[PDB]
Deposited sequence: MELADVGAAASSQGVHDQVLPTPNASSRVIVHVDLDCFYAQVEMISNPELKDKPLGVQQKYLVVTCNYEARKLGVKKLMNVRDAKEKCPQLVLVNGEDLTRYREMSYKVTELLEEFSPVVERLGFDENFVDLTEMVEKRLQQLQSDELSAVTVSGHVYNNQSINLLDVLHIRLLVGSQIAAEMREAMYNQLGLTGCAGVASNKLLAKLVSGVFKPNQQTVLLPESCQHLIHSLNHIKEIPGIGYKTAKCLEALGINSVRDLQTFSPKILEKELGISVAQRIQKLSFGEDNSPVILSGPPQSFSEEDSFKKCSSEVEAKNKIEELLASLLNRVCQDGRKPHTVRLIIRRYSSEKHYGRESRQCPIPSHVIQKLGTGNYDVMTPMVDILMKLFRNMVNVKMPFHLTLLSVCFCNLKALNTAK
């Protein structure tokens, strides 16, 4: 029943990538820019008040020296993300990706294998690597403590390999399920790691100050919960199961109430190859003219290049748009003879276009 899960979360991911390619940007407050948004920044820039997802206007207002590099093309970040996932896959094959810079690994089989190689002597010598959440005391006679400490040791090897082999720093969190691993990985956050022993699980979930900090409780779910007088984790822990069910759904309810107790039986999923390939362009209604075709052609070339280099081929294409004021989309299957190119593909999309501040294309249904 008892699992040992690790959650890995890279430091200022995009900024770290740019800092690696241009070693200079180190020691200097660095922001990575996407249109008007400083999507992230390195930790220098955070000392000087810059925050993640901050308008470029406010970002300089706080840091007029902030160096900005453009991060609208994700290619280099996407490439590093998969190098990280591939490296962790060497440790244990079942690695679940979450976004570009997080990975879960179920270390359970691994922890168990390392224990069978030890004796009663080695067992009393087992030590933690990194922080223990809430400064909790360890009990070496507690098998669960021993296994989570072995997890912490695997997590440090992972982070060390990530640095030695890819030049990347990040955090790790080790716990008994994915929810808790992800919540504990951020407790000590610049390039460090934390392990959560079970006795401190309630301290961890009650350290949160609003329910949206629970992975799985988003903007909409949070809004509906405060509208019911639910604000703290304990409020959600103690709320009526029935009212919850019959307010936002038996699905949402029974799951986010379980989460509110630190419970989560979800398995670590093997993410494997991507399920989709998309690109976007945003603009200040900078498209009013069906010559919008050009934007779509540009998105095409990139996507076709990424697909070709993947190796599989998609069987569905989708076009997404946003109208000034809530996105809309039209998809259609891809014809057989095309699947084995620009000219046919753009004609497809323009008809999907004409059937209907942002333009996007998605290739999915990959085989």
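Residues 1-25, 351-355, 371-378, 395-403, 415-420 of the deposited sequence have no C-alpha coordinates in the model.
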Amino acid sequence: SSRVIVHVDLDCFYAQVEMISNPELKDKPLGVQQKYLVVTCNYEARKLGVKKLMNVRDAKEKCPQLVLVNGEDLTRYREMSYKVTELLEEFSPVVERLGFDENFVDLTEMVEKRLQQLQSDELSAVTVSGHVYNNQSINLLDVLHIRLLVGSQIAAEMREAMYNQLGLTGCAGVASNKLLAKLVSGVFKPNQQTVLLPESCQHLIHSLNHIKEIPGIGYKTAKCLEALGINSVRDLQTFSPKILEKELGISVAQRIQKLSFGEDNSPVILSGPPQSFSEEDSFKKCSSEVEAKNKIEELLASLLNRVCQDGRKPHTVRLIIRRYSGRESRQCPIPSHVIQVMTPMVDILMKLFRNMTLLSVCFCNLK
From here on, numbers count along this sequence of modelled residues.
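Just so we're on the same page, rigid core means the largest C-alpha set that superposes within 1.5 Å between forms.
Take 284-292 and 199-207, fit the other structures onto the shown form by the rigid core, and average the C-alpha distances in 9 other deposited structures of this protein: the farther stretch is 284-292.
Root-mean-square C-alpha deviation from the shown form, taken over all structures in 9 other deposited structures of this protein superposed by the rigid core, is larger for 117-125 than for the alternative among 117-125 and 293-301. Here 197-205 and 108-116 are compared by their mean Cα B-factor, and 108-116 comes out higher. In this entry, 120-128 shows the higher mean Cα temperature factor of the pair 120-128 and 230-238.
Between the residues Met158, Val268, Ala292, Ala181, it is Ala292 that shows the highest Cα B-factor in the PDB record. Annotation for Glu24: CA B-factor lies in the highest third of the chain's modelled residues. Annotation for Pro274: CA B-factor lies in the middle third of the chain's modelled residues.
Among the modelled residues of its chain, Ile5 has a C-alpha B-factor that falls in the lowest third, as given in the PDB entry. Annotation for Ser92: CA B-factor lies in the middle third of the chain's modelled residues. Among the modelled residues of its chain, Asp11 has a C-alpha B-factor that falls in the lowest third, as given in the PDB entry.
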